[PDB]
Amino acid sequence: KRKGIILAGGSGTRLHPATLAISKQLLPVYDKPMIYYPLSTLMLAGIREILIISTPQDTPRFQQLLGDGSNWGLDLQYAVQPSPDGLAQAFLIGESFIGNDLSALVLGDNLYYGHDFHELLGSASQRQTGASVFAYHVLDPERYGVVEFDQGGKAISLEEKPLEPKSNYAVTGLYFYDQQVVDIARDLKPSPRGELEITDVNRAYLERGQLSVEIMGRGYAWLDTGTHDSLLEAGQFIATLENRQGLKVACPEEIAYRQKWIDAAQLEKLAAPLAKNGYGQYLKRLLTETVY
């Protein structure tokens, strides 16, 4: 039984002033709020119980937007992070939420897409021990935690924001942990940057041969909307997919319905209030179209 966390806080000083009125994760990527995407990633992982962490000031808004989850077959909860002191904090804040269960962490501005991504999630999720993460070839590795591989393609070390990256493989912002993560987090000390580092967590698992690093191929999309230009591109990527296919990406109603977490009657009900527009119309259509 794995629980999930979405870490949707952070300042956004960068993308100011665009993000001065509202956290980034509530801004739309093309046609729907950013947080939907990562939300849909956990859903696809088979996770239904989820803790949304954010700034004190934007929780309400997150809640306004997502409610308790029941309408989509979910159980959402909320927690607050007063200061953006490190991904790993998510586990301290989320400790009692997690209890004795396996868990998963995903960044609220991280957008993933691709063929068999669902199976990919499935495999990580279904592991009952250790940790799983993902490595993705990128242009500037140095921004992220970077992984080093030996000659046989096995991961052998990690370095956070190295001056000189040993590879272009970055650790994406999706993480699956077993019951060691809380305690590992509790023993962490702030790095010179001043944060509690997920890399440090990942390393701890790696130092006991329990970290599993799956390469995420160039066929998948891992987009993070870290800059105005990237925010733009992402919105576009999705618009492109959406207008060709006639299907939508990261639409929670659909996933819930496909997973049988809600039934047709429920889906109809969710659609009424959105009937005057594309989105509602899409949901209706889903009730009478087999989509493979």
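Numbers for residues come from their place in the sequence shown, where the first is 1. Whichever C-alpha set is largest while still superposing within 1.5 Å between the two forms counts as the rigid core.
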Do you reckon 98-106 or 192-200 strays further from the shown form in 9 other deposited structures of this protein, measuring C-alpha RMS after a core fit?
192-200
Which of 127-135 and 170-178 has higher mean CA B factor, as the PDB entry lists it:
127-135
Comparing 101-109 with 137-145, the higher average Cα temperature factor in the PDB entry belongs to 137-145
Name the one of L247, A264, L44, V29 with the greatest CA B-factor according to the PDB entry.
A264
Say you rank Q236, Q63, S40, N243 by Cα B-factor from the PDB entry; which sits at the top?
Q63
Quick one: classify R186 as lowest, middle or highest third of the chain based on its Cα B-factor.
highest
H118's Cα B-factor: lowest, middle or highest third of the chain?
highest
Divide the modelled residues of the chain into thirds by Cα B-factor and specify which third, lowest, middle or highest, holds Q77.
middle
Check where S96 lands among this chain's C-alpha B-factors and tell me if it's the lowest, middle or highest third.
middle
Of the three thirds of its chain by CA temperature factor, lowest, middle or highest, which one includes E214?
middle
